[PDB]
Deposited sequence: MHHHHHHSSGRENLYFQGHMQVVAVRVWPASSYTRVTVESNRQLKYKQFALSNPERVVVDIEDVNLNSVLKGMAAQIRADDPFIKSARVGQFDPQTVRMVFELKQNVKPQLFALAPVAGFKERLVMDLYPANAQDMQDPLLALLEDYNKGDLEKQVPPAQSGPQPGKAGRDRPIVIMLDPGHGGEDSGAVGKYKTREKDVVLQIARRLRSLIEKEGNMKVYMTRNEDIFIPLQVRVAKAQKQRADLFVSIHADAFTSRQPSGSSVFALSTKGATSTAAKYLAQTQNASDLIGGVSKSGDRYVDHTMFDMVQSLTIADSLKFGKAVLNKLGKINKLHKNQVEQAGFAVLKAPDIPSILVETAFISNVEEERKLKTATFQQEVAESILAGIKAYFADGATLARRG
């Protein structure tokens, strides 16, 4: 019970591109943010707040490896006003924005501390395949996109496994395999627990000249019965099943969850279907398939107009058996070997 409090939760997401501080509360917060020096500090003042257990716990959320925050102290500064003080490891350009309650979160105040390669993309948030035959004239450029991150945990298992962790571990195994393919070059939209907006993932792939885009997930249905792996490609004109339409809806809410402030396209979909099929065939040796064909729905991460893009449901984490499989090194590796083998079989 937290009806009485103003601030109800406080989270810090340390990452190399930016550290995010989130303060969640029952009413929209009036705040002021400013800087101090000797030592470099960022200070946030919050109004209509009484200090409590939650804000007092803010100091113990600061990890010894936050690239931005050396430490955080909090006090009542005024009978109305809490002051948060962040001692810094490097110069920052803070950006603060407020979010209305949505997706199960109450009011959120977000502060992102940026420094004063993916930085370039987040800060201008206000190309495509190179010429030649990928694989033969130059390497195939693959962009891996592990779903979610930071504030957005993704779907959560019955036994508490978070989709964000497992799709990252699976992306890392797959990255590691690819960097033994002489044929191949790999980038990642993220390689840590950070939140990346949906359009930034897409833009990263256009920016780094991807030949293939794979988005990796472990989503959830309300029922714990549906299980197995599955592969999706884009449709802008209607989903091929209610399951696919639903996952498009849940996956597109990511930007709300984590929090932020057309002749050539049909041809790209056709290639994506063909690449999706190759990948499905390899997942079918390794796992139950949820559906036996490649499906389509309005997935925002698959909107890159010039790049074949697919979304791989490694498995539905809503399912108890598949939650447990997703935690295992063997099954994560089988999934990684399957995507790779599918990539190779597409180029032949």
Counting from 1 along the deposited sequence, which stretches lack C-alpha positions? 1 to 15, 132 to 138, 149 to 160, 296 to 307, 395 to 403
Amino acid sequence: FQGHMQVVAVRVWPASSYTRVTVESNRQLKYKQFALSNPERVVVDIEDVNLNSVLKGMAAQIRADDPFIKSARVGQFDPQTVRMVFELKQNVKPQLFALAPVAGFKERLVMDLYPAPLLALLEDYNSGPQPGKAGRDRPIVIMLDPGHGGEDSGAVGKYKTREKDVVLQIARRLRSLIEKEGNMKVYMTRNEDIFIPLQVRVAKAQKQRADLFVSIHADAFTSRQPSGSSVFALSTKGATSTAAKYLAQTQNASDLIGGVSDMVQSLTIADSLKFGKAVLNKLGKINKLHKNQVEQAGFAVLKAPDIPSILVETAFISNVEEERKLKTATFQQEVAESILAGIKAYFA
From here on, numbers count along this sequence of modelled residues.
Entry-level comparison of average CA B-factors, 51 to 59 and 38 to 46, reporting the higher stretch: 51 to 59
Look up the CA B-factors in the entry and say which stretch, 97 to 105 or 129 to 137, has the higher mean. 129 to 137
Among the choices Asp211, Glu181, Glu151, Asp219, identify the one whose CA B-factor in the record is greatest. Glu181
For the C-alpha B-factor as written in the entry, point me to the maximum among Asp145, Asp165, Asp271, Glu123. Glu123
Going by the recorded CA B-factors, say which third of the chain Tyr114 sits in, lowest, middle or highest. middle
Third assignment of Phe86 from its chain's C-alpha B-factors: lowest
Comparing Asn26 with the other modelled residues of its chain, is its CA B-factor in the lowest, middle or highest third? lowest
For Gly276, does the deposited CA B-factor place it in the lowest, middle or highest third of the chain? lowest
Taking the entry's C-alpha B-factors for this chain, is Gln169 in the lowest, middle or highest third? lowest
